[PDB]
>>> print(open('run_17.cif').read())   # mmCIF, C-alpha atoms and all ligand atoms
data_my_file
loop_
_atom_site.label_atom_id
_atom_site.label_comp_id
_atom_site.auth_asym_id
_atom_site.auth_seq_id
_atom_site.Cartn_x
_atom_site.Cartn_y
_atom_site.Cartn_z
CA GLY A 86 30.75 119.29 72.82
CA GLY A 87 34.45 120.23 72.97
CA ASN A 88 36.31 121.73 75.94
CA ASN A 89 39.50 123.16 74.32
CA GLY A 90 40.65 125.34 77.27
CA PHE A 91 44.29 125.72 78.45
CA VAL A 92 46.02 122.35 78.88
CA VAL A 93 47.24 123.39 82.37
CA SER A 94 44.53 123.62 85.01
CA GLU A 95 44.53 126.01 87.93
CA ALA A 96 45.13 123.02 90.21
CA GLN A 97 48.02 121.79 88.11
CA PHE A 98 49.56 125.32 88.06
CA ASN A 99 49.22 125.57 91.85
CA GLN A 100 50.93 122.18 92.23
CA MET A 101 53.80 123.28 89.92
CA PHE A 102 54.24 126.51 91.83
CA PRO A 103 53.51 126.07 95.54
CA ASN A 104 55.51 129.06 96.70
CA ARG A 105 54.65 131.62 94.01
CA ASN A 106 54.63 135.29 94.82
CA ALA A 107 51.07 136.82 94.72
CA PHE A 108 52.18 138.80 91.63
CA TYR A 109 52.02 135.59 89.64
CA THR A 110 48.55 133.97 89.21
CA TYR A 111 46.92 131.37 87.04
CA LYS A 112 44.56 134.05 85.74
CA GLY A 113 47.48 136.26 84.73
CA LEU A 114 49.03 133.43 82.76
CA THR A 115 45.76 132.44 81.08
CA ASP A 116 45.00 136.10 80.25
CA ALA A 117 48.35 136.40 78.43
CA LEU A 118 47.83 133.36 76.19
CA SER A 119 45.75 135.36 73.71
CA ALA A 120 48.81 137.36 72.80
CA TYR A 121 50.41 134.10 71.52
CA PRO A 122 47.56 131.99 70.13
CA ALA A 123 49.78 129.20 68.79
CA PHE A 124 51.41 128.68 72.21
CA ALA A 125 50.32 125.39 73.82
CA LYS A 126 47.73 125.09 70.95
CA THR A 127 49.94 123.61 68.25
CA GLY A 128 50.00 119.89 67.47
CA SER A 129 48.55 116.97 69.35
CA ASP A 130 47.48 117.38 72.95
CA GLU A 131 50.62 115.46 73.90
CA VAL A 132 52.67 118.24 72.28
CA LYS A 133 50.57 121.09 73.68
CA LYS A 134 50.99 119.70 77.20
CA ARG A 135 54.74 119.18 76.58
CA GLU A 136 55.15 122.82 75.44
CA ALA A 137 53.21 124.17 78.39
CA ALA A 138 55.41 122.09 80.72
CA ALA A 139 58.56 123.17 78.92
CA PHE A 140 57.67 126.87 79.26
CA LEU A 141 56.64 126.67 82.84
CA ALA A 142 59.69 124.58 83.86
CA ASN A 143 62.01 127.20 82.44
CA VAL A 144 59.94 129.88 84.15
CA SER A 145 60.30 128.03 87.43
CA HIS A 146 64.07 127.82 86.86
CA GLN A 147 64.38 131.54 86.15
CA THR A 148 62.39 132.68 89.19
CA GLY A 149 62.80 130.05 91.89
CA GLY A 150 59.29 128.63 91.32
CA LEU A 151 57.82 132.08 90.79
CA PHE A 152 59.05 133.31 94.10
CA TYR A 153 60.99 136.20 92.50
CA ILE A 154 59.53 139.07 90.50
CA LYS A 155 62.94 140.59 90.02
CA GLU A 156 66.64 139.91 90.15
CA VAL A 157 68.03 140.13 93.65
CA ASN A 158 71.59 141.48 93.26
CA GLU A 159 71.20 145.27 92.84
CA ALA A 160 74.97 145.76 92.59
CA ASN A 161 74.92 143.89 89.30
CA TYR A 162 72.04 145.86 87.78
CA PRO A 163 74.27 148.25 85.66
CA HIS A 164 75.68 145.20 83.81
CA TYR A 165 72.43 145.00 81.78
CA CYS A 166 72.88 148.31 80.00
CA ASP A 167 74.57 147.41 76.68
CA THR A 168 76.21 150.78 75.96
CA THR A 169 76.89 149.83 72.29
CA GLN A 170 73.18 150.24 71.47
CA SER A 171 72.12 153.43 69.83
CA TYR A 172 68.85 153.90 71.79
CA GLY A 173 70.92 153.58 74.99
CA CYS A 174 69.35 153.02 78.43
CA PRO A 175 66.94 155.88 78.86
CA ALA A 176 65.16 154.39 81.96
CA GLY A 177 68.54 154.35 83.63
CA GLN A 178 71.79 152.48 83.45
CA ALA A 179 70.69 150.19 86.29
CA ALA A 180 67.14 149.71 84.96
CA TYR A 181 67.35 146.61 82.76
CA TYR A 182 67.86 143.79 85.30
CA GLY A 183 65.80 140.60 85.23
CA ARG A 184 62.06 140.90 85.74
CA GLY A 185 59.01 138.65 85.38
CA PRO A 186 58.56 134.97 84.62
CA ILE A 187 61.46 134.69 82.19
CA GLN A 188 63.58 137.29 84.04
CA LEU A 189 63.75 139.54 81.00
CA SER A 190 67.10 141.33 81.05
CA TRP A 191 69.17 143.77 78.93
CA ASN A 192 68.16 147.01 77.34
CA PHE A 193 68.19 145.30 73.97
CA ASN A 194 65.60 142.67 75.13
CA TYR A 195 63.36 145.34 76.70
CA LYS A 196 63.51 147.20 73.40
CA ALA A 197 62.62 144.11 71.31
CA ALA A 198 59.94 142.75 73.63
CA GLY A 199 58.35 146.18 73.85
CA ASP A 200 58.38 146.65 70.05
CA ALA A 201 56.70 143.27 69.70
CA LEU A 202 54.07 143.93 72.41
CA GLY A 203 53.16 147.56 71.52
CA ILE A 204 54.58 148.75 74.86
CA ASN A 205 57.55 151.04 75.43
CA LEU A 206 59.49 148.81 77.85
CA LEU A 207 62.75 150.55 76.99
CA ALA A 208 61.23 153.69 78.52
CA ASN A 209 59.30 151.93 81.31
CA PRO A 210 61.03 148.62 82.00
CA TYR A 211 59.62 148.74 85.58
CA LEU A 212 56.26 147.73 84.11
CA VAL A 213 57.52 144.11 84.01
CA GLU A 214 57.83 144.08 87.84
CA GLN A 215 54.60 146.13 88.39
CA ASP A 216 52.08 144.87 85.84
CA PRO A 217 51.48 141.09 85.71
CA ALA A 218 49.73 141.33 82.35
CA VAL A 219 52.88 142.79 80.82
CA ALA A 220 55.17 140.42 82.76
CA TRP A 221 53.45 137.33 81.44
CA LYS A 222 53.50 138.58 77.88
CA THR A 223 57.24 139.25 78.10
CA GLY A 224 57.67 135.56 78.97
CA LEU A 225 55.54 134.39 76.09
CA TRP A 226 57.35 136.81 73.76
CA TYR A 227 60.73 135.24 74.58
CA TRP A 228 59.39 131.72 74.30
CA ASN A 229 57.56 132.26 71.02
CA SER A 230 59.88 134.64 69.20
CA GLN A 231 63.48 134.44 70.36
CA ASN A 232 66.39 132.18 69.51
CA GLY A 233 68.72 133.49 72.22
CA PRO A 234 72.10 131.72 71.89
CA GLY A 235 70.42 128.90 69.91
CA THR A 236 68.98 128.32 66.43
CA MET A 237 65.24 128.15 66.96
CA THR A 238 62.48 129.53 69.20
CA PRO A 239 61.58 127.48 72.26
CA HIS A 240 58.10 127.17 70.74
CA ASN A 241 59.44 125.62 67.52
CA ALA A 242 61.80 123.32 69.46
CA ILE A 243 58.85 121.67 71.11
CA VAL A 244 56.37 121.93 68.20
CA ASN A 245 58.92 120.48 65.74
CA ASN A 246 60.09 117.85 68.23
CA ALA A 247 63.68 119.14 68.24
CA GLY A 248 63.81 118.65 72.02
CA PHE A 249 63.55 120.36 75.41
CA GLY A 250 67.35 120.71 75.11
CA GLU A 251 67.00 123.46 72.50
CA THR A 252 64.74 125.49 74.83
CA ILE A 253 67.60 125.39 77.36
CA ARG A 254 70.05 126.53 74.66
CA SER A 255 67.81 129.52 73.81
CA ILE A 256 67.43 130.58 77.40
CA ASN A 257 71.07 130.24 78.66
CA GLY A 258 72.89 128.04 76.14
CA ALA A 259 76.19 129.85 75.84
CA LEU A 260 76.97 129.21 79.47
CA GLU A 261 75.04 126.05 80.36
CA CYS A 262 75.09 123.86 77.26
CA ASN A 263 78.05 122.10 75.57
CA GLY A 264 79.41 121.00 78.95
CA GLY A 265 79.35 124.48 80.49
CA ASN A 266 77.02 123.63 83.38
CA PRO A 267 75.64 120.09 83.12
CA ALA A 268 74.24 120.31 86.65
CA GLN A 269 72.01 123.22 85.68
CA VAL A 270 70.96 121.61 82.38
CA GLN A 271 69.90 118.62 84.46
CA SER A 272 68.10 120.83 87.02
CA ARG A 273 65.93 122.20 84.20
CA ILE A 274 65.34 118.69 82.82
CA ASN A 275 64.31 117.51 86.28
CA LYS A 276 61.72 120.26 86.63
CA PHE A 277 60.48 119.74 83.09
CA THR A 278 60.12 115.99 83.75
CA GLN A 279 58.09 116.67 86.91
CA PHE A 280 55.82 119.06 84.99
CA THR A 281 55.28 116.58 82.09
CA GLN A 282 54.29 114.04 84.72
CA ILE A 283 51.85 116.45 86.38
CA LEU A 284 50.23 117.07 82.97
CA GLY A 285 50.23 113.46 81.78
CA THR A 286 52.50 113.85 78.78
CA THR A 287 55.96 112.58 77.80
CA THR A 288 59.29 114.49 77.82
CA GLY A 289 59.95 113.80 74.19
CA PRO A 290 63.51 113.44 72.83
CA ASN A 291 66.82 115.30 73.10
CA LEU A 292 66.34 116.71 76.64
CA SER A 293 69.93 117.78 77.09
CA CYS A 294 72.34 120.20 75.43
CL CL B 1 46.44 131.53 91.05
CL CL B 2 51.61 132.59 68.73
CL CL B 3 62.92 125.40 89.45
CL CL B 4 61.05 146.68 95.63
CL CL B 5 71.66 156.31 84.49
CL CL B 6 48.98 144.64 78.81
CL CL B 7 77.06 128.63 84.06
#
>>> encode(input="run_17.cif", output="structure tokens", more="lines below")
Ligand SMILES: [Cl-]
Ligand SMILES: [Cl-]
Ligand SMILES: [Cl-]
Ligand SMILES: [Cl-]
Ligand SMILES: [Cl-]
Ligand SMILES: [Cl-]
Ligand SMILES: [Cl-]
Amino acid sequence: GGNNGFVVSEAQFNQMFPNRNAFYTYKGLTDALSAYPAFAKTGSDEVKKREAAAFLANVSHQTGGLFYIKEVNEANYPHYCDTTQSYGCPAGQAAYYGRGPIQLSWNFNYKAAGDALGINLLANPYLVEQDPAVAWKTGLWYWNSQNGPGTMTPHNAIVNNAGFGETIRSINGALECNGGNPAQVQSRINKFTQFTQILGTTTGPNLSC
């Protein structure tokens, strides 16, 4: 007595992501969850479902519904080498473009994600476009550990009922929030709303930023 499996089913995932690249599978996602045991396991089932929807909606936004493994515009790749860092860009100046479900970008984020995961992603950032197990964990790392431009982790925003809006702020707040790009804030809210509906939960408060 007591099925406490992942609050998103394979069927629900497939409905959320009809045009996903083969790189991205339900099994890959579920396999990664262990790395972040509080993710989608904290609070009431309403909240767990809401957090799962929040994560996956942002994922969908970053990747075009999991169509893209990596960032398309090669000419902009060198942008992501922050020369001010002391550990530099050893995998190459053009090696730190967006990859995986959260489109992890910048040498400094590869360094931090890698340090957190026990993987040298500064040295081998290509792992995030090659190895789904790593890719998924990079997404969960961002979600569960990083503030980005905001003041709290996406995980804590949902768990503490601070709002979906704060997850947006942590992912691309400096440009999108505070009137920067209301259309794109709304796009994320739309996808989140759809996902909460698929899962049978509510959006919660403070959706915008
Ligand atoms: Cl699948
Ligand atoms: Cl965790
Ligand atoms: Cl989307
Ligand atoms: Cl390629
Ligand atoms: Cl180089
Ligand atoms: Cl791994
Ligand atoms: Cl923008």
>>> residues_near_ligand(input="run_17.cif", ligand="ligand CL 1 (chain B)", cutoff="9 Å", atoms="only C-alpha atoms and all ligand atoms", output="list in words")
residues 95, 96, 98, 99, 105, 107, 109, 110, 111, 112, 113 and 114 of chain A
>>> residues_near_ligand(input="run_17.cif", ligand="ligand CL 5 (chain B)", cutoff="7 Å", atoms="only C-alpha atoms and all ligand atoms", output="JSON, numbers by chain")
{"A": [177, 178, 179]}
>>> residues_near_point(input="run_17.cif", point="(56.9, 135.9, 78.4)", cutoff="12 Å", atoms="only C-alpha atoms", output="compact mmCIF listing (two decimals) with C-alpha atoms, in the frame of the given file")
# COMPACT_ATOMS: atom_id res chain seq x y z
CA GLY A 113 47.48 136.26 84.73
CA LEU A 114 49.03 133.43 82.76
CA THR A 115 45.76 132.44 81.08
CA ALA A 117 48.35 136.40 78.43
CA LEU A 118 47.83 133.36 76.19
CA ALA A 120 48.81 137.36 72.80
CA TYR A 121 50.41 134.10 71.52
CA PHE A 124 51.41 128.68 72.21
CA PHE A 140 57.67 126.87 79.26
CA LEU A 141 56.64 126.67 82.84
CA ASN A 143 62.01 127.20 82.44
CA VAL A 144 59.94 129.88 84.15
CA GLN A 147 64.38 131.54 86.15
CA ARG A 184 62.06 140.90 85.74
CA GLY A 185 59.01 138.65 85.38
CA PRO A 186 58.56 134.97 84.62
CA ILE A 187 61.46 134.69 82.19
CA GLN A 188 63.58 137.29 84.04
CA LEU A 189 63.75 139.54 81.00
CA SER A 190 67.10 141.33 81.05
CA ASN A 194 65.60 142.67 75.13
CA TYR A 195 63.36 145.34 76.70
CA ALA A 198 59.94 142.75 73.63
CA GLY A 199 58.35 146.18 73.85
CA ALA A 201 56.70 143.27 69.70
CA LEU A 202 54.07 143.93 72.41
CA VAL A 213 57.52 144.11 84.01
CA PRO A 217 51.48 141.09 85.71
CA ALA A 218 49.73 141.33 82.35
CA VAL A 219 52.88 142.79 80.82
CA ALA A 220 55.17 140.42 82.76
CA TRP A 221 53.45 137.33 81.44
CA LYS A 222 53.50 138.58 77.88
CA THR A 223 57.24 139.25 78.10
CA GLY A 224 57.67 135.56 78.97
CA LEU A 225 55.54 134.39 76.09
CA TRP A 226 57.35 136.81 73.76
CA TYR A 227 60.73 135.24 74.58
CA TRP A 228 59.39 131.72 74.30
CA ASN A 229 57.56 132.26 71.02
CA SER A 230 59.88 134.64 69.20
CA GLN A 231 63.48 134.44 70.36
CA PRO A 239 61.58 127.48 72.26
CA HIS A 240 58.10 127.17 70.74
CA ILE A 256 67.43 130.58 77.40
>>> residues_near_point(input="run_17.cif", point="(55.8, 122.8, 81.2)", cutoff="10 Å", atoms="all atoms listed in the file", output="short mmCIF file (atom, residue, chain, number, x, y, z; two decimals) with C-alpha atoms, in the coordinates of the input")
data_model
loop_
_atom_site.label_atom_id
_atom_site.label_comp_id
_atom_site.auth_asym_id
_atom_site.auth_seq_id
_atom_site.Cartn_x
_atom_site.Cartn_y
_atom_site.Cartn_z
CA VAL A 93 47.24 123.39 82.37
CA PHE A 98 49.56 125.32 88.06
CA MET A 101 53.80 123.28 89.92
CA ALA A 125 50.32 125.39 73.82
CA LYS A 133 50.57 121.09 73.68
CA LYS A 134 50.99 119.70 77.20
CA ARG A 135 54.74 119.18 76.58
CA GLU A 136 55.15 122.82 75.44
CA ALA A 137 53.21 124.17 78.39
CA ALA A 138 55.41 122.09 80.72
CA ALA A 139 58.56 123.17 78.92
CA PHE A 140 57.67 126.87 79.26
CA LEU A 141 56.64 126.67 82.84
CA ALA A 142 59.69 124.58 83.86
CA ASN A 143 62.01 127.20 82.44
CA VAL A 144 59.94 129.88 84.15
CA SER A 145 60.30 128.03 87.43
CA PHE A 249 63.55 120.36 75.41
CA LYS A 276 61.72 120.26 86.63
CA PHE A 277 60.48 119.74 83.09
CA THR A 278 60.12 115.99 83.75
CA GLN A 279 58.09 116.67 86.91
CA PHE A 280 55.82 119.06 84.99
CA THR A 281 55.28 116.58 82.09
CA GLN A 282 54.29 114.04 84.72
CA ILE A 283 51.85 116.45 86.38
CA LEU A 284 50.23 117.07 82.97
CA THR A 286 52.50 113.85 78.78
CA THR A 288 59.29 114.49 77.82
#
>>> closest_residue(input="run_17.cif", among="A:214, A:261, A:167, A:200", to="residue A:106", atoms="all atoms listed in the file")
A:214
